[PDB]
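Trainee: Data file model-v2.pdb (PDB, C-alpha atoms) is appended below.
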```pdb
ATOM      1  CA  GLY L   1       0.000   0.000   0.000  1.00  0.00           C
ATOM      2  CA  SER L   2       0.977   3.627   0.554  1.00  0.00           C
ATOM      3  CA  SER L   3       0.805   6.410   3.140  1.00  0.00           C
ATOM      4  CA  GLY L   4       1.395  10.140   3.481  1.00  0.00           C
ATOM      5  CA  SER L   5      -0.274  13.550   3.539  1.00  0.00           C
ATOM      6  CA  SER L   6      -4.013  12.884   3.339  1.00  0.00           C
ATOM      7  CA  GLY L   7      -7.381  13.756   4.844  1.00  0.00           C
ATOM      8  CA  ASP L   8     -10.613  12.112   5.969  1.00  0.00           C
ATOM      9  CA  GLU L   9     -14.129  13.456   6.524  1.00  0.00           C
ATOM     10  CA  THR L  10     -16.896  11.371   8.093  1.00  0.00           C
ATOM     11  CA  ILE L  11     -19.533  11.495  10.828  1.00  0.00           C
ATOM     12  CA  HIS L  12     -20.092   7.911  11.971  1.00  0.00           C
ATOM     13  CA  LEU L  13     -17.475   5.201  11.438  1.00  0.00           C
ATOM     14  CA  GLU L  14     -18.355   1.806   9.966  1.00  0.00           C
ATOM     15  CA  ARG L  15     -19.411  -1.142  12.127  1.00  0.00           C
ATOM     16  CA  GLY L  16     -16.179  -2.348  13.701  1.00  0.00           C
ATOM     17  CA  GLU L  17     -13.670  -2.091  16.540  1.00  0.00           C
ATOM     18  CA  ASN L  18     -12.248   1.339  17.368  1.00  0.00           C
ATOM     19  CA  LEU L  19      -8.750   2.009  18.705  1.00  0.00           C
ATOM     20  CA  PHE L  20      -8.134   5.222  20.646  1.00  0.00           C
ATOM     21  CA  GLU L  21      -4.453   6.183  20.657  1.00  0.00           C
ATOM     22  CA  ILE L  22      -2.846   9.223  22.280  1.00  0.00           C
ATOM     23  CA  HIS L  23       0.741  10.267  21.562  1.00  0.00           C
ATOM     24  CA  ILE L  24       2.160  13.183  23.548  1.00  0.00           C
ATOM     25  CA  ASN L  25       5.051  14.958  21.827  1.00  0.00           C
ATOM     26  CA  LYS L  26       6.229  17.183  24.678  1.00  0.00           C
ATOM     27  CA  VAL L  27       5.334  20.039  27.027  1.00  0.00           C
ATOM     28  CA  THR L  28       6.579  23.584  26.440  1.00  0.00           C
ATOM     29  CA  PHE L  29       6.869  26.332  29.053  1.00  0.00           C
ATOM     30  CA  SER L  30       6.707  30.132  29.108  1.00  0.00           C
ATOM     31  CA  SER L  31       9.479  32.596  29.951  1.00  0.00           C
ATOM     32  CA  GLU L  32       7.776  32.700  33.350  1.00  0.00           C
ATOM     33  CA  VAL L  33       7.899  28.956  34.013  1.00  0.00           C
ATOM     34  CA  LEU L  34      11.367  28.697  32.474  1.00  0.00           C
ATOM     35  CA  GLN L  35      12.807  31.047  35.096  1.00  0.00           C
ATOM     36  CA  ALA L  36      10.407  30.199  37.922  1.00  0.00           C
ATOM     37  CA  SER L  37      11.821  26.679  37.646  1.00  0.00           C
ATOM     38  CA  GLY L  38      15.016  27.376  39.565  1.00  0.00           C
ATOM     39  CA  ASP L  39      17.908  27.047  37.128  1.00  0.00           C
ATOM     40  CA  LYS L  40      17.577  23.292  37.639  1.00  0.00           C
ATOM     41  CA  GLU L  41      16.259  20.673  35.214  1.00  0.00           C
ATOM     42  CA  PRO L  42      12.621  20.598  36.401  1.00  0.00           C
ATOM     43  CA  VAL L  43      11.075  17.133  36.663  1.00  0.00           C
ATOM     44  CA  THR L  44       7.333  16.751  36.110  1.00  0.00           C
ATOM     45  CA  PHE L  45       4.796  14.163  34.957  1.00  0.00           C
ATOM     46  CA  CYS L  46       1.225  14.127  33.649  1.00  0.00           C
ATOM     47  CA  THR L  47      -1.619  11.643  34.108  1.00  0.00           C
ATOM     48  CA  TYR L  48      -5.027  10.857  32.616  1.00  0.00           C
ATOM     49  CA  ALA L  49      -7.674   8.161  32.180  1.00  0.00           C
ATOM     50  CA  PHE L  50      -9.941   7.266  29.259  1.00  0.00           C
ATOM     51  CA  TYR L  51     -13.280   5.447  29.341  1.00  0.00           C
ATOM     52  CA  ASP L  52     -12.832   5.401  33.117  1.00  0.00           C
ATOM     53  CA  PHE L  53     -10.013   2.885  32.674  1.00  0.00           C
ATOM     54  CA  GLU L  54      -6.815   2.306  34.651  1.00  0.00           C
ATOM     55  CA  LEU L  55      -4.904   5.568  35.076  1.00  0.00           C
ATOM     56  CA  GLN L  56      -1.495   5.732  33.396  1.00  0.00           C
ATOM     57  CA  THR L  57       1.507   7.569  34.840  1.00  0.00           C
ATOM     58  CA  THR L  58       3.617   9.404  32.263  1.00  0.00           C
ATOM     59  CA  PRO L  59       7.368   8.659  32.129  1.00  0.00           C
ATOM     60  CA  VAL L  60       9.339  10.939  34.450  1.00  0.00           C
ATOM     61  CA  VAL L  61      12.122  12.888  32.742  1.00  0.00           C
ATOM     62  CA  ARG L  62      14.457  15.721  33.732  1.00  0.00           C
ATOM     63  CA  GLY L  63      14.897  18.841  31.621  1.00  0.00           C
ATOM     64  CA  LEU L  64      13.018  21.859  30.287  1.00  0.00           C
ATOM     65  CA  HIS L  65      11.435  20.428  27.138  1.00  0.00           C
ATOM     66  CA  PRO L  66      11.626  16.616  27.416  1.00  0.00           C
ATOM     67  CA  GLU L  67      10.126  14.206  24.884  1.00  0.00           C
ATOM     68  CA  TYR L  68       7.835  11.851  26.801  1.00  0.00           C
ATOM     69  CA  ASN L  69       7.409  10.059  23.472  1.00  0.00           C
ATOM     70  CA  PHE L  70       4.624   8.097  25.164  1.00  0.00           C
ATOM     71  CA  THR L  71       2.012   6.392  22.988  1.00  0.00           C
ATOM     72  CA  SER L  72      -1.010   4.803  24.663  1.00  0.00           C
ATOM     73  CA  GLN L  73      -3.703   2.895  22.772  1.00  0.00           C
ATOM     74  CA  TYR L  74      -6.640   0.659  23.687  1.00  0.00           C
ATOM     75  CA  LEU L  75      -9.160  -1.190  21.520  1.00  0.00           C
ATOM     76  CA  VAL L  76     -12.496   0.170  22.742  1.00  0.00           C
ATOM     77  CA  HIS L  77     -15.843  -0.540  21.080  1.00  0.00           C
ATOM     78  CA  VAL L  78     -18.231   2.403  21.412  1.00  0.00           C
ATOM     79  CA  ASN L  79     -19.838   5.041  19.193  1.00  0.00           C
ATOM     80  CA  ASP L  80     -22.994   6.596  20.636  1.00  0.00           C
ATOM     81  CA  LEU L  81     -21.779   6.462  24.239  1.00  0.00           C
ATOM     82  CA  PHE L  82     -18.464   7.737  22.880  1.00  0.00           C
ATOM     83  CA  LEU L  83     -19.547  11.125  21.526  1.00  0.00           C
ATOM     84  CA  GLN L  84     -21.918  11.676  24.448  1.00  0.00           C
ATOM     85  CA  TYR L  85     -19.014  11.073  26.828  1.00  0.00           C
ATOM     86  CA  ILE L  86     -16.842  13.688  25.123  1.00  0.00           C
ATOM     87  CA  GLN L  87     -19.533  16.187  26.105  1.00  0.00           C
ATOM     88  CA  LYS L  88     -21.003  14.843  29.346  1.00  0.00           C
ATOM     89  CA  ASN L  89     -17.469  14.781  30.753  1.00  0.00           C
ATOM     90  CA  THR L  90     -13.985  15.663  29.509  1.00  0.00           C
ATOM     91  CA  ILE L  91     -10.463  14.494  30.340  1.00  0.00           C
ATOM     92  CA  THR L  92      -8.627  16.234  33.180  1.00  0.00           C
ATOM     93  CA  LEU L  93      -4.843  16.261  32.800  1.00  0.00           C
ATOM     94  CA  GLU L  94      -3.064  18.203  35.546  1.00  0.00           C
ATOM     95  CA  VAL L  95       0.681  18.867  35.606  1.00  0.00           C
ATOM     96  CA  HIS L  96       2.258  18.438  39.041  1.00  0.00           C
ATOM     97  CA  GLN L  97       5.920  18.980  39.916  1.00  0.00           C
ATOM     98  CA  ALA L  98       7.702  15.871  41.189  1.00  0.00           C
ATOM     99  CA  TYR L  99      10.392  16.853  43.692  1.00  0.00           C
ATOM    100  CA  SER L 100      13.099  14.611  45.145  1.00  0.00           C
ATOM    101  CA  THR L 101      11.376  15.066  48.504  1.00  0.00           C
ATOM    102  CA  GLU L 102       7.695  15.907  48.049  1.00  0.00           C
ATOM    103  CA  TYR L 103       5.112  16.224  45.274  1.00  0.00           C
ATOM    104  CA  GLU L 104       2.612  19.028  44.681  1.00  0.00           C
ATOM    105  CA  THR L 105       0.487  20.347  41.815  1.00  0.00           C
ATOM    106  CA  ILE L 106       1.148  23.744  40.239  1.00  0.00           C
ATOM    107  CA  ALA L 107      -0.962  23.494  37.085  1.00  0.00           C
ATOM    108  CA  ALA L 108      -4.287  22.047  35.940  1.00  0.00           C
ATOM    109  CA  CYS L 109      -6.134  22.114  32.615  1.00  0.00           C
ATOM    110  CA  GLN L 110      -9.123  20.451  30.954  1.00  0.00           C
ATOM    111  CA  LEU L 111      -8.352  18.102  28.062  1.00  0.00           C
ATOM    112  CA  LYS L 112     -11.285  17.979  25.643  1.00  0.00           C
ATOM    113  CA  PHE L 113     -11.706  17.453  21.899  1.00  0.00           C
ATOM    114  CA  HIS L 114     -14.293  19.445  19.945  1.00  0.00           C
ATOM    115  CA  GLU L 115     -13.594  18.258  16.399  1.00  0.00           C
ATOM    116  CA  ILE L 116     -14.039  14.675  17.594  1.00  0.00           C
ATOM    117  CA  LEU L 117     -17.693  15.648  17.997  1.00  0.00           C
ATOM    118  CA  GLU L 118     -18.027  16.105  14.236  1.00  0.00           C
ATOM    119  CA  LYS L 119     -14.872  14.735  12.610  1.00  0.00           C
ATOM    120  CA  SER L 120     -12.830  11.668  13.557  1.00  0.00           C
ATOM    121  CA  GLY L 121      -9.130  11.013  13.060  1.00  0.00           C
ATOM    122  CA  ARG L 122      -5.885  12.982  12.988  1.00  0.00           C
ATOM    123  CA  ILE L 123      -7.284  16.295  14.225  1.00  0.00           C
ATOM    124  CA  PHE L 124      -4.446  18.619  15.229  1.00  0.00           C
ATOM    125  CA  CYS L 125      -5.244  20.439  18.472  1.00  0.00           C
ATOM    126  CA  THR L 126      -3.690  22.021  21.562  1.00  0.00           C
ATOM    127  CA  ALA L 127      -4.491  22.902  25.174  1.00  0.00           C
ATOM    128  CA  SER L 128      -3.553  25.777  27.481  1.00  0.00           C
ATOM    129  CA  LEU L 129      -2.175  25.431  31.010  1.00  0.00           C
ATOM    130  CA  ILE L 130      -3.032  27.627  33.993  1.00  0.00           C
ATOM    131  CA  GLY L 131      -1.293  27.866  37.353  1.00  0.00           C
ATOM    132  CA  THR L 132      -3.305  26.799  40.391  1.00  0.00           C
ATOM    133  CA  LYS L 133      -1.574  28.965  42.993  1.00  0.00           C
ATOM    134  CA  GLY L 134       0.799  31.202  41.059  1.00  0.00           C
ATOM    135  CA  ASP L 135      -2.246  31.958  38.922  1.00  0.00           C
ATOM    136  CA  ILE L 136      -0.154  32.045  35.747  1.00  0.00           C
ATOM    137  CA  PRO L 137      -2.375  32.094  32.632  1.00  0.00           C
ATOM    138  CA  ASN L 138       0.746  31.711  30.491  1.00  0.00           C
ATOM    139  CA  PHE L 139       2.134  28.589  32.162  1.00  0.00           C
ATOM    140  CA  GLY L 140       2.624  26.692  28.916  1.00  0.00           C
ATOM    141  CA  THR L 141       1.038  24.836  26.008  1.00  0.00           C
ATOM    142  CA  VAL L 142       0.716  21.087  25.463  1.00  0.00           C
ATOM    143  CA  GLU L 143       1.237  19.388  22.101  1.00  0.00           C
ATOM    144  CA  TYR L 144      -0.943  16.314  21.588  1.00  0.00           C
ATOM    145  CA  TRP L 145      -3.175  14.642  19.002  1.00  0.00           C
ATOM    146  CA  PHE L 146      -6.119  12.236  19.102  1.00  0.00           C
ATOM    147  CA  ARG L 147      -7.484   9.743  16.574  1.00  0.00           C
ATOM    148  CA  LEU L 148     -10.609   7.587  16.329  1.00  0.00           C
ATOM    149  CA  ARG L 149     -11.060   5.125  13.465  1.00  0.00           C
ATOM    150  CA  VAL L 150     -12.064   1.519  12.788  1.00  0.00           C
ATOM    151  CA  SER L 151      -9.127  -0.554  14.030  1.00  0.00           C
ATOM    152  CA  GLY L 152     -10.607  -3.636  12.389  1.00  0.00           C
ATOM    153  CA  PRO L 153      -8.231  -6.303  11.034  1.00  0.00           C
ATOM    154  CA  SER L 154      -7.631  -6.474   7.282  1.00  0.00           C
ATOM    155  CA  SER L 155      -6.313  -9.087   4.852  1.00  0.00           C
ATOM    156  CA  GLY L 156      -2.761  -7.915   4.223  1.00  0.00           C
TER     157      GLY L 156
END
```
Since I need it in another form, could you write the structure as structure tokens?
Mentor:
Amino acid sequence: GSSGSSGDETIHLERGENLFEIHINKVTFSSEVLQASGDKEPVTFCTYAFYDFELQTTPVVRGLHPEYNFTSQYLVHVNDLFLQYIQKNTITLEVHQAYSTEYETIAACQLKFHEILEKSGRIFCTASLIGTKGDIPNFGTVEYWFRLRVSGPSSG
């Protein structure tokens, strides 16, 4: 076969299994967070749960702009209850700082996909981060992408 730059437009996918994968590139910070850090490779980690499944802990890494390079996927069968869920409730991914002594949260955002409501697939999107205490509206932006298509097996 072949692959490359392409597009897809559809409302409801065919009758088959659906695989929801989520690959997080990395997490950028703002001039404020960069300095606020402490001139020391800041270590943080994110977490989230889909379809009320087992929560997954992101890979801890030191640095300013690490590459989690984490790719999670699970074969889930659901369409109607799927879209409704996206609305009824969204995903909450907070970013807490993991210290070598204690652990506390300093940021919290709401992960939700709008396009998924109409379209389905590689829909580029982003989310903003806000500081809980510091109250920093320019904490940083997260780079992620979602996809929902028939993960049914094929002959080939």
Trainee: Please, what is the axis-aligned box for every listed atom of region 66-71 of chain L with 4 Å on each side, as centre and edge lengths in Å to one decimal, as JSON?
Mentor:
```
{"center_x": 6.8, "center_y": 11.5, "center_z": 25.2, "size_x": 17.6, "size_y": 18.2, "size_z": 12.4}
```
Trainee: Measure the distance from CA of residue 20 (chain L) to CA of residue 76 (chain L) in Å and round it to one decimal.
Mentor: 7.0 Å
Trainee: So which residues get picked by the PyMOL selection byres ((chain L and resi 79-87) around 9) here, written as a list in words?
Mentor: residues 12, 13, 18, 51, 77, 78, 88, 89, 90, 91, 112, 113, 114, 116, 117 and 118 of chain L
Trainee: Quick one: pull the distance between CA of residue 36 (chain L) and CA of residue 102 (chain L), Å, one decimal.
Mentor: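 For CA of residue 36 (chain L) relative to CA of residue 102 (chain L), the distance reads 17.7 Å.
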Trainee: Taking into account all atoms listed in the file, which residue in the set L:99, L:70, L:144, L:29 is nearest to residue 44 (chain L)?
Mentor: L:99
Trainee: Using all atoms listed in the file, find the one residue out of L:59, L:131, L:66, L:16 that sits nearest to residue 148 (chain L).
Mentor: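 The shortest atom-to-atom distance to residue 148 (chain L) comes from L:16.
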Trainee: Can you work out the spacing between CA of residue 11 (chain L) and CA of residue 142 (chain L) in Å, to one decimal?
Mentor: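 A separation of 26.8 Å between them.
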Trainee: Which is closer to residue 23 (chain L) than all the others in L:35, L:47, L:3, L:69, using only C-alpha atoms?
Mentor: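 Between L:35, L:47, L:3, L:69, the residue approaching residue 23 (chain L) most closely is L:69.
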Trainee: Report as a list in words the residues that result from applying the PyMOL selection byres ((chain L and resi 30) around 8) to the structure here.
Mentor: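 Listing what the PyMOL selection byres ((chain L and resi 30) around 8) selects in the shown file: residues 28, 29, 31, 32, 33, 34, 138, 139 and 140 of chain L.
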Trainee: Would you kindly translate the PyMOL selection byres ((chain L and resi 133) around 9) into the concrete residues it picks from this file, as number ranges by chain?
Mentor: L: 105-107, 131-132, 134-136
